[PDB]
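Asker: The structure file run.csv (CSV, N, CA and C atoms) is provided below.
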chain,number,residue,atom,x,y,z
A,1,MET,N,-7.6,7.0,-14.4
A,1,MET,CA,-7.7,5.6,-14.9
A,1,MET,C,-7.2,4.5,-13.9
A,2,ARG,N,-8.2,3.8,-13.3
A,2,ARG,CA,-7.9,2.8,-12.3
A,2,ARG,C,-7.3,1.5,-13.0
A,3,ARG,N,-6.1,1.1,-12.7
A,3,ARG,CA,-5.3,0.0,-13.4
A,3,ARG,C,-5.3,-1.2,-12.5
A,4,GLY,N,-5.7,-2.4,-13.2
A,4,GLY,CA,-5.7,-3.6,-12.5
A,4,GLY,C,-4.7,-4.6,-13.1
A,5,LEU,N,-4.2,-5.5,-12.3
A,5,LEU,CA,-3.3,-6.6,-12.7
A,5,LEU,C,-3.9,-7.9,-12.3
A,6,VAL,N,-4.1,-8.9,-13.2
A,6,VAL,CA,-4.4,-10.2,-12.9
A,6,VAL,C,-3.2,-11.1,-13.3
A,7,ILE,N,-2.7,-11.8,-12.3
A,7,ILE,CA,-1.6,-12.8,-12.5
A,7,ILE,C,-2.2,-14.2,-12.7
A,8,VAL,N,-2.0,-14.7,-13.9
A,8,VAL,CA,-2.6,-16.0,-14.3
A,8,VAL,C,-1.6,-17.2,-14.3
A,9,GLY,N,-1.9,-18.2,-13.5
A,9,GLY,CA,-1.0,-19.3,-13.4
A,9,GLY,C,-1.5,-20.6,-14.0
A,10,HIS,N,-0.6,-21.6,-14.1
A,10,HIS,CA,-1.0,-23.1,-14.4
A,10,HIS,C,0.2,-24.0,-14.3
A,11,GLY,N,0.2,-24.8,-13.3
A,11,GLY,CA,1.2,-25.8,-12.8
A,11,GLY,C,0.8,-26.0,-11.3
A,12,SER,N,-0.6,-26.0,-11.3
A,12,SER,CA,-1.2,-25.5,-10.0
A,12,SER,C,-1.4,-26.6,-9.0
A,13,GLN,N,-1.2,-27.8,-9.4
A,13,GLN,CA,-1.2,-28.9,-8.4
A,13,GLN,C,0.1,-29.0,-7.5
A,14,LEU,N,1.2,-28.4,-8.0
A,14,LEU,CA,2.5,-28.5,-7.3
A,14,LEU,C,2.5,-27.7,-6.0
A,15,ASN,N,3.1,-28.4,-5.0
A,15,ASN,CA,3.2,-27.8,-3.6
A,15,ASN,C,3.7,-26.4,-3.7
A,16,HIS,N,3.0,-25.5,-2.9
A,16,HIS,CA,3.4,-24.1,-2.7
A,16,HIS,C,3.3,-23.2,-3.9
A,17,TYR,N,2.6,-23.6,-4.9
A,17,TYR,CA,2.4,-22.9,-6.2
A,17,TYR,C,1.6,-21.6,-6.0
A,18,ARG,N,0.4,-21.8,-5.5
A,18,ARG,CA,-0.5,-20.7,-5.2
A,18,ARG,C,0.1,-19.7,-4.2
A,19,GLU,N,0.8,-20.2,-3.2
A,19,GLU,CA,1.5,-19.4,-2.1
A,19,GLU,C,2.6,-18.5,-2.7
A,20,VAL,N,3.3,-19.0,-3.7
A,20,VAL,CA,4.3,-18.2,-4.4
A,20,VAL,C,3.6,-17.1,-5.2
A,21,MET,N,2.6,-17.5,-5.9
A,21,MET,CA,1.7,-16.6,-6.7
A,21,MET,C,1.2,-15.5,-5.8
A,22,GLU,N,0.8,-15.8,-4.6
A,22,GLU,CA,0.2,-14.9,-3.7
A,22,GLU,C,1.3,-13.9,-3.1
A,23,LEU,N,2.5,-14.4,-3.0
A,23,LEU,CA,3.7,-13.6,-2.6
A,23,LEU,C,4.0,-12.5,-3.6
A,24,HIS,N,3.9,-12.8,-4.9
A,24,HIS,CA,4.0,-11.8,-6.0
A,24,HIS,C,2.9,-10.8,-6.0
A,25,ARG,N,1.7,-11.3,-5.7
A,25,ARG,CA,0.5,-10.4,-5.6
A,25,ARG,C,0.6,-9.4,-4.5
A,26,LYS,N,1.0,-10.0,-3.3
A,26,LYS,CA,1.3,-9.2,-2.1
A,26,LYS,C,2.4,-8.1,-2.4
A,27,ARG,N,3.5,-8.6,-2.9
A,27,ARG,CA,4.6,-7.6,-3.2
A,27,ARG,C,4.2,-6.5,-4.1
A,28,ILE,N,3.5,-6.8,-5.2
A,28,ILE,CA,3.0,-5.8,-6.1
A,28,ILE,C,1.9,-4.9,-5.6
A,29,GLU,N,1.0,-5.5,-4.8
A,29,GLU,CA,0.0,-4.7,-4.1
A,29,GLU,C,0.6,-3.7,-3.2
A,30,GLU,N,1.5,-4.1,-2.3
A,30,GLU,CA,2.3,-3.2,-1.4
A,30,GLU,C,3.1,-2.1,-2.1
A,31,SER,N,3.5,-2.3,-3.3
A,31,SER,CA,4.3,-1.4,-4.1
A,31,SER,C,3.5,-0.2,-4.6
A,32,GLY,N,2.2,-0.4,-4.7
A,32,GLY,CA,1.3,0.6,-5.2
A,32,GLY,C,1.3,0.8,-6.7
A,33,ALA,N,1.9,-0.2,-7.4
A,33,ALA,CA,2.1,-0.1,-8.8
A,33,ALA,C,0.8,-0.2,-9.6
A,34,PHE,N,-0.2,-1.0,-9.1
A,34,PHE,CA,-1.5,-1.1,-9.6
A,34,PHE,C,-2.5,-0.8,-8.6
A,35,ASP,N,-3.7,-0.4,-9.0
A,35,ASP,CA,-4.8,-0.2,-8.0
A,35,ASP,C,-5.3,-1.4,-7.4
A,36,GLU,N,-5.3,-2.5,-8.1
A,36,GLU,CA,-5.8,-3.8,-7.7
A,36,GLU,C,-5.0,-4.9,-8.3
A,37,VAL,N,-4.7,-5.9,-7.5
A,37,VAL,CA,-3.9,-7.1,-8.0
A,37,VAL,C,-4.7,-8.4,-7.6
A,38,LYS,N,-4.9,-9.2,-8.6
A,38,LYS,CA,-5.5,-10.5,-8.3
A,38,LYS,C,-4.7,-11.6,-8.9
A,39,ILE,N,-4.9,-12.8,-8.3
A,39,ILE,CA,-4.4,-14.0,-9.0
A,39,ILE,C,-5.6,-14.9,-9.5
A,40,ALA,N,-5.3,-15.6,-10.6
A,40,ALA,CA,-6.3,-16.4,-11.3
A,40,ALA,C,-5.6,-17.6,-11.9
A,41,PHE,N,-6.4,-18.5,-12.4
A,41,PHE,CA,-5.9,-19.8,-12.9
A,41,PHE,C,-6.5,-20.2,-14.3
A,42,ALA,N,-5.7,-20.6,-15.2
A,42,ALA,CA,-6.1,-21.3,-16.4
A,42,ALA,C,-6.7,-22.7,-16.1
A,43,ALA,N,-7.2,-23.3,-17.2
A,43,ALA,CA,-7.7,-24.7,-17.2
A,43,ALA,C,-8.9,-24.9,-16.2
A,44,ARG,N,-9.1,-26.2,-15.9
A,44,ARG,CA,-10.4,-26.6,-15.2
A,44,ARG,C,-10.3,-26.5,-13.7
A,45,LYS,N,-11.4,-25.9,-13.2
A,45,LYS,CA,-11.8,-25.9,-11.8
A,45,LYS,C,-10.7,-25.7,-10.8
A,46,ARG,N,-10.1,-24.5,-10.9
A,46,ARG,CA,-9.3,-23.8,-10.0
A,46,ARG,C,-9.7,-22.3,-9.9
A,47,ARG,N,-10.2,-21.8,-8.8
A,47,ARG,CA,-10.8,-20.5,-8.7
A,47,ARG,C,-9.9,-19.4,-8.2
A,48,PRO,N,-10.1,-18.2,-8.7
A,48,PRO,CA,-11.0,-17.9,-9.8
A,48,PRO,C,-10.3,-18.1,-11.1
A,49,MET,N,-11.2,-18.4,-12.1
A,49,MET,CA,-10.7,-18.3,-13.5
A,49,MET,C,-10.5,-16.8,-13.9
A,50,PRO,N,-9.7,-16.5,-14.9
A,50,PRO,CA,-9.5,-15.1,-15.3
A,50,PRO,C,-10.7,-14.3,-15.5
A,51,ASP,N,-11.8,-14.9,-16.1
A,51,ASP,CA,-13.0,-14.1,-16.3
A,51,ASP,C,-13.7,-13.7,-15.0
A,52,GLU,N,-13.8,-14.6,-14.0
A,52,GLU,CA,-14.3,-14.2,-12.7
A,52,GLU,C,-13.5,-13.1,-12.1
A,53,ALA,N,-12.2,-13.3,-12.1
A,53,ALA,CA,-11.3,-12.3,-11.6
A,53,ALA,C,-11.5,-10.9,-12.2
A,54,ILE,N,-11.6,-10.8,-13.5
A,54,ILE,CA,-11.8,-9.6,-14.2
A,54,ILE,C,-13.2,-8.9,-13.9
A,55,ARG,N,-14.2,-9.8,-13.8
A,55,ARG,CA,-15.6,-9.3,-13.5
A,55,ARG,C,-15.6,-8.6,-12.1
A,56,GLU,N,-14.8,-9.2,-11.2
A,56,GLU,CA,-14.8,-8.8,-9.8
A,56,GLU,C,-14.0,-7.5,-9.6
A,57,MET,N,-13.2,-7.2,-10.6
A,57,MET,CA,-12.2,-6.1,-10.5
A,57,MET,C,-12.9,-4.8,-10.8
A,58,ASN,N,-12.6,-3.8,-10.0
A,58,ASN,CA,-13.2,-2.5,-10.2
A,58,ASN,C,-12.2,-1.5,-10.8
A,59,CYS,N,-11.8,-1.9,-12.0
A,59,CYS,CA,-10.8,-1.1,-12.7
A,59,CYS,C,-11.3,-0.7,-14.1
A,60,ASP,N,-10.7,0.3,-14.6
A,60,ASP,CA,-11.0,0.7,-16.0
A,60,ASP,C,-10.2,0.0,-17.0
A,61,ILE,N,-8.9,-0.3,-16.7
A,61,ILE,CA,-8.1,-1.2,-17.6
A,61,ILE,C,-7.4,-2.3,-16.7
A,62,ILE,N,-7.5,-3.5,-17.1
A,62,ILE,CA,-6.9,-4.7,-16.5
A,62,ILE,C,-5.9,-5.3,-17.4
A,63,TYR,N,-4.7,-5.6,-16.8
A,63,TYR,CA,-3.6,-6.2,-17.5
A,63,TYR,C,-3.6,-7.7,-17.1
A,64,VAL,N,-3.5,-8.6,-18.0
A,64,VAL,CA,-3.5,-10.0,-17.7
A,64,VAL,C,-2.1,-10.6,-18.0
A,65,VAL,N,-1.4,-11.0,-17.0
A,65,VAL,CA,-0.1,-11.5,-17.2
A,65,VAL,C,0.0,-13.0,-16.9
A,66,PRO,N,0.2,-13.8,-18.0
A,66,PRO,CA,0.4,-15.2,-17.8
A,66,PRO,C,1.8,-15.5,-17.2
A,67,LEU,N,1.7,-16.1,-16.0
A,67,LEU,CA,2.9,-16.6,-15.3
A,67,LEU,C,3.3,-18.0,-15.8
A,68,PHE,N,3.7,-18.0,-17.1
A,68,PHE,CA,4.1,-19.2,-17.8
A,68,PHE,C,5.5,-19.0,-18.2
A,69,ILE,N,6.3,-20.1,-18.2
A,69,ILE,CA,7.6,-20.1,-18.8
A,69,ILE,C,7.4,-20.4,-20.3
A,70,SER,N,6.6,-21.4,-20.6
A,70,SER,CA,6.3,-21.9,-21.9
A,70,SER,C,5.3,-20.9,-22.6
A,71,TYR,N,5.0,-21.1,-23.9
A,71,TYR,CA,4.1,-20.3,-24.6
A,71,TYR,C,3.2,-21.2,-25.4
A,72,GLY,N,2.5,-22.1,-24.7
A,72,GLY,CA,1.7,-23.1,-25.4
A,72,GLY,C,0.2,-22.7,-25.4
A,73,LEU,N,-0.6,-23.7,-25.6
A,73,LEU,CA,-2.0,-23.5,-25.8
A,73,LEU,C,-2.8,-22.9,-24.7
A,74,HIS,N,-2.4,-23.0,-23.4
A,74,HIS,CA,-2.9,-22.3,-22.3
A,74,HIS,C,-2.9,-20.8,-22.6
A,75,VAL,N,-1.8,-20.4,-23.2
A,75,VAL,CA,-1.6,-19.0,-23.5
A,75,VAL,C,-2.2,-18.5,-24.9
A,76,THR,N,-1.9,-19.3,-25.9
A,76,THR,CA,-2.3,-18.9,-27.3
A,76,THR,C,-3.8,-19.2,-27.6
A,77,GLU,N,-4.4,-20.1,-26.8
A,77,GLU,CA,-5.8,-20.5,-27.1
A,77,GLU,C,-6.7,-20.4,-25.9
A,78,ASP,N,-6.5,-21.2,-24.8
A,78,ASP,CA,-7.4,-21.3,-23.7
A,78,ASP,C,-7.7,-19.9,-23.1
A,79,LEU,N,-6.7,-19.2,-22.7
A,79,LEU,CA,-6.9,-17.8,-22.1
A,79,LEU,C,-7.6,-16.8,-22.9
A,80,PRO,N,-7.2,-16.6,-24.2
A,80,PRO,CA,-7.9,-15.7,-25.1
A,80,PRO,C,-9.4,-16.2,-25.3
A,81,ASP,N,-9.6,-17.5,-25.5
A,81,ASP,CA,-10.9,-18.0,-25.7
A,81,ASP,C,-11.8,-17.7,-24.5
A,82,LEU,N,-11.2,-17.9,-23.3
A,82,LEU,CA,-12.0,-17.6,-22.1
A,82,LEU,C,-12.5,-16.1,-22.1
A,83,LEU,N,-11.6,-15.2,-22.5
A,83,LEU,CA,-12.0,-13.8,-22.4
A,83,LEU,C,-12.5,-13.2,-23.7
A,84,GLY,N,-12.7,-14.1,-24.7
A,84,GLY,CA,-13.1,-13.7,-26.0
A,84,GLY,C,-12.2,-12.8,-26.8
A,85,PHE,N,-10.9,-13.1,-26.7
A,85,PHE,CA,-9.8,-12.4,-27.4
A,85,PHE,C,-9.3,-13.2,-28.6
A,86,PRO,N,-8.6,-12.5,-29.5
A,86,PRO,CA,-8.0,-13.3,-30.6
A,86,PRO,C,-7.0,-14.3,-30.1
A,87,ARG,N,-6.9,-15.4,-30.8
A,87,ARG,CA,-5.8,-16.4,-30.4
A,87,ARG,C,-4.5,-16.1,-31.0
A,88,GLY,N,-3.5,-16.8,-30.6
A,88,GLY,CA,-2.1,-16.6,-31.1
A,88,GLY,C,-1.2,-16.0,-30.1
A,89,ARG,N,0.1,-15.8,-30.5
A,89,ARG,CA,1.1,-15.2,-29.6
A,89,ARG,C,0.9,-13.7,-29.6
A,90,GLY,N,1.5,-13.1,-28.6
A,90,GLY,CA,1.6,-11.6,-28.5
A,90,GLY,C,0.6,-10.9,-27.7
A,91,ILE,N,0.8,-9.5,-27.6
A,91,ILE,CA,0.0,-8.6,-26.8
A,91,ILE,C,-1.4,-8.5,-27.5
A,92,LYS,N,-2.4,-8.6,-26.7
A,92,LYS,CA,-3.8,-8.4,-27.2
A,92,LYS,C,-4.6,-7.4,-26.4
A,93,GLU,N,-5.1,-6.4,-27.1
A,93,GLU,CA,-6.0,-5.3,-26.6
A,93,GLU,C,-7.4,-5.6,-26.9
A,94,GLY,N,-8.3,-5.2,-26.0
A,94,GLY,CA,-9.7,-5.4,-26.2
A,94,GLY,C,-10.5,-5.0,-25.0
A,95,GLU,N,-11.8,-5.5,-25.0
A,95,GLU,CA,-12.7,-5.3,-23.9
A,95,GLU,C,-13.3,-6.7,-23.5
A,96,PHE,N,-13.5,-6.8,-22.2
A,96,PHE,CA,-14.1,-8.0,-21.7
A,96,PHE,C,-15.3,-7.5,-20.9
A,97,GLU,N,-16.5,-7.8,-21.4
A,97,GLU,CA,-17.8,-7.3,-20.8
A,97,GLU,C,-17.7,-5.8,-20.5
A,98,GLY,N,-17.4,-5.0,-21.5
A,98,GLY,CA,-17.3,-3.5,-21.3
A,98,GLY,C,-16.1,-2.9,-20.8
A,99,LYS,N,-15.2,-3.7,-20.2
A,99,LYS,CA,-14.0,-3.2,-19.5
A,99,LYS,C,-12.8,-3.4,-20.4
A,100,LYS,N,-11.9,-2.4,-20.3
A,100,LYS,CA,-10.7,-2.6,-21.1
A,100,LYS,C,-9.7,-3.6,-20.5
A,101,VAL,N,-9.2,-4.5,-21.3
A,101,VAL,CA,-8.4,-5.6,-20.9
A,101,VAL,C,-7.2,-5.8,-21.9
A,102,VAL,N,-6.0,-5.9,-21.4
A,102,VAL,CA,-4.9,-6.2,-22.2
A,102,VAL,C,-4.3,-7.5,-21.8
A,103,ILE,N,-4.2,-8.5,-22.7
A,103,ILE,CA,-3.5,-9.7,-22.4
A,103,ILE,C,-2.0,-9.6,-22.8
A,104,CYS,N,-1.2,-9.7,-21.8
A,104,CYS,CA,0.2,-9.4,-22.0
A,104,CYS,C,0.9,-10.7,-22.4
A,105,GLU,N,2.2,-10.7,-22.8
A,105,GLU,CA,2.9,-11.9,-23.1
A,105,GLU,C,3.3,-12.6,-21.8
A,106,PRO,N,3.4,-14.0,-21.9
A,106,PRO,CA,3.9,-14.7,-20.8
A,106,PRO,C,5.3,-14.2,-20.3
A,107,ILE,N,5.6,-14.5,-19.0
A,107,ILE,CA,6.9,-13.9,-18.5
A,107,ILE,C,8.1,-14.7,-19.0
A,108,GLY,N,7.9,-15.9,-19.5
A,108,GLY,CA,9.0,-16.8,-19.8
A,108,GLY,C,10.2,-16.3,-20.5
A,109,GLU,N,10.1,-15.6,-21.6
A,109,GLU,CA,11.3,-15.1,-22.3
A,109,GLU,C,11.9,-13.8,-21.8
A,110,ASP,N,11.3,-13.2,-20.7
A,110,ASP,CA,11.7,-12.0,-20.2
A,110,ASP,C,13.2,-12.1,-19.7
A,111,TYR,N,14.0,-11.0,-19.9
A,111,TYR,CA,15.3,-11.0,-19.4
A,111,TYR,C,15.4,-11.0,-17.9
A,112,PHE,N,14.3,-10.6,-17.2
A,112,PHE,CA,14.2,-10.8,-15.8
A,112,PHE,C,14.2,-12.3,-15.4
A,113,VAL,N,13.6,-13.2,-16.2
A,113,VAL,CA,13.7,-14.6,-15.9
A,113,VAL,C,15.2,-15.1,-16.0
A,114,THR,N,15.9,-14.7,-17.1
A,114,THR,CA,17.3,-15.0,-17.2
A,114,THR,C,18.0,-14.5,-16.0
A,115,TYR,N,17.7,-13.3,-15.5
A,115,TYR,CA,18.4,-12.8,-14.3
A,115,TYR,C,18.0,-13.4,-13.0
A,116,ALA,N,16.7,-13.9,-13.0
A,116,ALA,CA,16.3,-14.7,-11.8
A,116,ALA,C,17.1,-16.0,-11.7
A,117,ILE,N,17.4,-16.6,-12.8
A,117,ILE,CA,18.2,-17.8,-12.9
A,117,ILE,C,19.7,-17.5,-12.4
A,118,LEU,N,20.2,-16.4,-12.9
A,118,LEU,CA,21.5,-15.9,-12.5
A,118,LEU,C,21.6,-15.6,-11.0
A,119,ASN,N,20.5,-15.0,-10.5
A,119,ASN,CA,20.4,-14.6,-9.1
A,119,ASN,C,20.3,-15.8,-8.1
A,120,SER,N,19.8,-16.9,-8.6
A,120,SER,CA,19.7,-18.1,-7.8
A,120,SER,C,21.1,-18.6,-7.4
A,121,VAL,N,22.1,-18.3,-8.3
A,121,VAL,CA,23.5,-18.6,-8.0
A,121,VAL,C,24.1,-17.4,-7.3
A,122,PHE,N,23.9,-16.2,-7.8
A,122,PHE,CA,24.6,-15.0,-7.3
A,122,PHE,C,24.1,-14.6,-5.9
A,123,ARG,N,22.9,-14.8,-5.7
A,123,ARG,CA,22.2,-14.4,-4.4
A,123,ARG,C,22.5,-13.0,-3.9
A,124,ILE,N,22.4,-12.1,-4.9
A,124,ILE,CA,22.7,-10.6,-4.6
A,124,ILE,C,21.3,-10.1,-4.0
A,125,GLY,N,21.3,-9.8,-2.7
A,125,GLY,CA,20.1,-9.6,-2.0
A,125,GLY,C,20.1,-10.1,-0.6
What is this structure when it is put down as structure tokens?
Answerer:
Amino acid sequence: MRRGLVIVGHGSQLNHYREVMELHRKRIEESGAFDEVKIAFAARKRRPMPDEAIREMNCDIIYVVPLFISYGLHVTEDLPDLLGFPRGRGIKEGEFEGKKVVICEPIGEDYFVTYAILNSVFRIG
């Protein structure tokens, strides 16, 4: 089973936003954790959109991770709508044009975000 990861962002006009997104893609690609890692973007005219990204991916299952702190309409409506998935909060399983796709929850409430905030002070590393 070839496993893909698409990292989906939005806050995308801010300086160095794509570059930080690409740093995570690079780190995760080098770790071997997934067969393929791509970055994509919600909303209007920033390429690729998550649907293009998934189409281009040569994986049997693709995991879609929203790099959002918030849990608003980009996540509960825009993104699912784009991929033809159910709206609302939470994990969603399904297929996008024949391929298995799982929309994961946004990273916002993850204990790792709490710890990233702590580490900005602690600087253990």
Asker: What's the 6 Å shell around residue A:105, counting all atoms listed in the file, without same-chain residues fewer than 5 positions away, as JSON, numbers by chain?
Answerer: {"A": [65, 66, 90, 91]}
Asker: I need the residues of chain A that end up classed as alpha helix (DSSP H) by DSSP on the backbone, written out as a PyMOL selection string.
Answerer: chain A and resi 17-31+50-56+73+79-83+111-122
Asker: What separation in Å, quoted to one decimal, exists between atom CA of residue A:117 and atom CA of residue A:4?
Answerer: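 Computing the Euclidean distance for atom CA of residue A:117 and atom CA of residue A:4 yields 27.8 Å.
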Asker: Could you check which of A:1, A:121, A:39, A:7 is closest to residue A:59, using all atoms listed in the file?
Answerer: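 When distances to residue A:59 are compared using all atoms listed in the file, the smallest one comes from A:1.
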Asker: Quick one: everything within 9 Å of residue A:69, counting only C-alpha atoms, minus sequence neighbours fewer than 2 positions away in the same chain. Send it as a PyMOL selection string.
Answerer: chain A and resi 66-67+71+106-109+113
Asker: As an exercise, work out the distance from atom CA of residue A:5 to atom CA of residue A:124 in Å and give it to one decimal place.
Answerer: 27.5 Å
Asker: Where in chain A does DSSP assign strand (DSSP E), given as a count of residues only?
Answerer: 29
Asker: Quick one: residues within 7 Å of residue A:95, only N, CA and C atoms counted, chain neighbours fewer than 6 positions away excluded, as a short mmCIF file (atom, residue, chain, number, x, y, z; two decimals) with N, CA and C atoms, in the frame of the given file?
Answerer:
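So selection-v8.cif came out as:
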data_model
loop_
_atom_site.label_atom_id
_atom_site.label_comp_id
_atom_site.auth_asym_id
_atom_site.auth_seq_id
_atom_site.Cartn_x
_atom_site.Cartn_y
_atom_site.Cartn_z
N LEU A 83 -11.60 -15.20 -22.50
CA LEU A 83 -12.00 -13.80 -22.40
C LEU A 83 -12.50 -13.20 -23.70
N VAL A 101 -9.20 -4.50 -21.30
CA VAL A 101 -8.40 -5.60 -20.90
C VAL A 101 -7.20 -5.80 -21.90
N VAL A 102 -6.00 -5.90 -21.40
CA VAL A 102 -4.90 -6.20 -22.20
C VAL A 102 -4.30 -7.50 -21.80
#
